[PDB]
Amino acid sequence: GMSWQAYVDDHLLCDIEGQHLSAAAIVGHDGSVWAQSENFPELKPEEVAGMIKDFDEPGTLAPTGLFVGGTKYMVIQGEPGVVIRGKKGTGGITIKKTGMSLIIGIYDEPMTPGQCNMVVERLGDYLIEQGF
């Protein structure tokens, strides 16, 4: 049967157009990690709360910055209540909200934001349809 580690390893860290995410995780809304990749940062307190806040009231994170594992990302265009996106240098991050989790993918060049978006958001949609 399926496991959260399997979803990370086989559905987030998988090859897309010859490129792979640098790291990924699936985390409960309450910050409890369901599964994560080897290099995925440990989350600092209130990082997850920021994301939840930003999903609930769109725009709040932008003046502040997006923090993940003590790394700061410039907020870029997301989708209100559904996806948060950020840039840092030639890399970035996508965070997609499901009914009870957050799907997080982190990429760096030569991976494109579109590729990261695609992988994280498509798994998100699948998980949402399953009730998660």
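All residue numbers refer to positions in the sequence shown, first residue = 1.
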Averaging the C-alpha temperature factors as deposited, the higher value of 116-124 versus 16-24 falls on 16-24
Tell me which stretch has the larger mean Cα B-factor in this entry, 82-90 or 41-49.
41-49
Per the deposited B-factor column, the C-alpha that peaks among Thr64, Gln77, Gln36, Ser101 belongs to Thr64
Quick check for you: using the entry's CA B-factors within this chain, is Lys72 in the lowest, middle or highest third?
highest
Based on the entry's values, in what third of the chain does the Cα temperature factor of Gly105 lie: lowest, middle or highest?
lowest
